[PDB]
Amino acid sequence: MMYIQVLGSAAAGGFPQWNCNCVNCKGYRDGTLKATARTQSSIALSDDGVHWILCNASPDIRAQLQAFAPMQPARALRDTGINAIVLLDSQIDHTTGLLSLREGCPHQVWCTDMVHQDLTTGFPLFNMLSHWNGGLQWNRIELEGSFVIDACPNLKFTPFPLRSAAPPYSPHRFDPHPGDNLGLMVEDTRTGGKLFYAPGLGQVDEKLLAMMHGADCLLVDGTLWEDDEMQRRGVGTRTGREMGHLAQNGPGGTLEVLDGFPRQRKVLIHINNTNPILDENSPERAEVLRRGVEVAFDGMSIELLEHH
C-alpha cells in the first residue's frame, strides 16, 4: 500500500493569493463562489502510514503539517512524522518550508546536484541551516537510475528530467542544466503500484508518455487552464509556456494528452489561483470531471493498492 497525502494542491501564492483580487480570489473572499482554500503544492508519501517522505517543502508547511495528524505521531516530547524530504527543483515556492523545520534538524534532504548548487549559493538553505544541529544532510539524486530512502524501504523512486528552467535567483538561471527540474516515478515494490508525479510539466515528448502508461496514477501539473490565463484575468502577462506549465486546454494541452490514458487514475495538482477549475460550478470544472480527471484539494488521500 502506497499512501499519497496532498498537503497542498495550489501553485504559486496559494489560493486565495495574498495580493490577488481576480474572479476566483475575490469570489472566495466575498463568499460568492464555491471553492476551497488551498496551500502551496506539496505531497507526502509513505509505505506504512507512519514514516513519511515530503515532496517539496512549501512556505505553508506549518499549516500543512498541523492539518495532517500523522505528521505528529507524539512518540516523544519532540517528534515528527517527516523522515525525509525530496525536492524536485530549487524554486522558492517549493523549498522555503525547510526554514520552518530547523527546530528538528538534522533532516535527510534528497535533491540533484543542480538544486544543491542553488541551495548553497543563490538561496543558501544548506549553509544557513547547518548552524542548527547538523542542518540538512544532502543525499544526491542522480540523473539516471533509482533510489530508496531507508525510512520507506518499499518505495522505489525513479526521477525523470523535465525542461531545465532554473529559478530567477539562480546563478545559472540563464544557463539551464539537466537536474534543475524533476518529475518522480514512485513504485511500491511489494505490489508494483506506480505513482507518476509531475507537478511542474512544461511539455510532453514520447519518452514521457511511455513512462506514464506504465503508471497507475498520474498526478500532474494543473496550474493553468489556458496558456494566457494571466492575461485573461488581468493579473499579469507571463504565459504558461514562459513558466514551464502546460495548460489543460487547447492543442497539446494536458487534457488532450490525458485522453490517451483511460486506464490510469488522473489527478490535477499545483493549481493556480486564476484557474477556473477551482470554481466548483465552472464549466471547466465540469469538463474535467467528464474526462475522468480529478482536481486535487488540500487533505486529499490517494491509496495506491495494486498494479492494473
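Residue numbers run from 1 along the displayed sequence.
When 175-183 is weighed against 205-213, 205-213 comes out higher, by mean CA B-factor as recorded in the entry. Between the stretches 5-13 and 20-28, it is 20-28 that shows the larger average CA temperature factor. Out of 255, 268, 57, 53, the entry records its largest CA B-factor for 255. Per the deposited coordinates, the residue with the largest Cα temperature factor out of 89, 188, 93, 228 is 228.
Remark: residue 288 belongs to the highest third of its chain, ranked by C-alpha B-factor as recorded. When the CA B factors of the chain's modelled residues are split into thirds, the value for residue 192 lands in the lowest one. Sorting the modelled residues of the chain by their CA temperature factor places residue 37 in the middle third. In this PDB entry, the Cα temperature factor of residue 101 sits in the bottom third of its chain's modelled residues, the lowest group. Ranked within its chain, residue 168 lands in the lowest third, by CA B factor from the PDB record.
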